[PDB]
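Numbering (the deposited numbering), first residue to last: 0, 22 to 176.
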Ligand code: HEC
């Protein structure tokens, strides 16, 4: 199982609590993503360019509507039309992860976990940290600039 749900728990009610800072097609061009940040993460990126301990960032991963020939349906706004939520990806930063949590599974101090829409760990063979690791300069977040831009443009 890619990620570490033993350490990175499912953040209950994130969609009602966290700040929704972006919606975008994923770069794979087959899924739609919505991005969320908890208060510590939002305050961190209002102050600087690194998330403080306690920061949690979430990407909801949506399967798009497709016709019977597999063609993805898009709006005139260019965003894929949502069929249903497929997965909930979680990054959580701590400066004191327990020794049982192997460093090679983390991107710096970010732990990863992938959940299904019902909050159960979702089977996968992804190497989360390995793909996020080369983005150290932007705190291992692909959506870094969208988060920075959002919290600069909105009040706490
Ligand atoms: C490259 C092959 C990746 C693998 C392996 C993992 N993720 Fe990642 N992630 C990737 C991209 C390109 C993006 C931006 C959205 C897009 O697809 O265009 C993301 C984003 C996230 C986020 C949102 C925060 C951010 O970095 O922008 C999270 C919370 C996240 N991904 C979690 C995550 C998990 C839990 C993974 C292993 C199960 C994982 N990712 C692997 C690329 C890649």
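By construction, the Cβ of each residue, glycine as well, lies at the ideal position given by its N, Cα and C atoms.
| Item | Value |
| --- | --- |
| Cβ-heavy atom distance, residue 40 to the ligand HEC, below 7 Å | no |
| Continuous alpha helix (DSSP H) stretch holding residue 152: start and end | 148–152 |
| For residue 144 and residue 101, the rounded distance between their alpha carbons | 24 Å |
| Beta-carbon proximity of residue 110 to residue 171, cut-off 8 Å | no |
| CA nearest to the CA of residue 42, picked from 176, 159, 52 and 125 | 52 |
| Beta-bridge pairing of residue 56 - partner residues as DSSP gives them | 40 and 78 |
| The ligand HEC heavy atom lying under 7 Å from the CB of residue 61 | no |
| Cutoff 7 Å; reference residue 45; Cβ partners in own chain excluding five residues on either side | 52, 99 and 100 |
| Residue 84, buried or exposed, once every other Cβ within 10 Å from all chains shown has been counted against 16 | buried |
| For residue 97 and residue 78, the rounded distance between their alpha carbons | 23 Å |
| Limits of the unbroken beta strand (DSSP E) element including residue 125 | First-last for residue 125: undefined, no H or E at that position. |
| Selected residue, minimal CA-CA separation from residue 37, among 146, 76 and 88 | 76 |
| Residue 48 beta carbon near the ligand HEC (any heavy atom closer than 7 Å) | yes |
| Beta-ladder partner(s) of residue 110, from DSSP | 78 and 133 |
| Segment contact flag, the segment 142–161 with the segment 120–132, C-beta cutoff 8 Å, min 3 pairs | yes |
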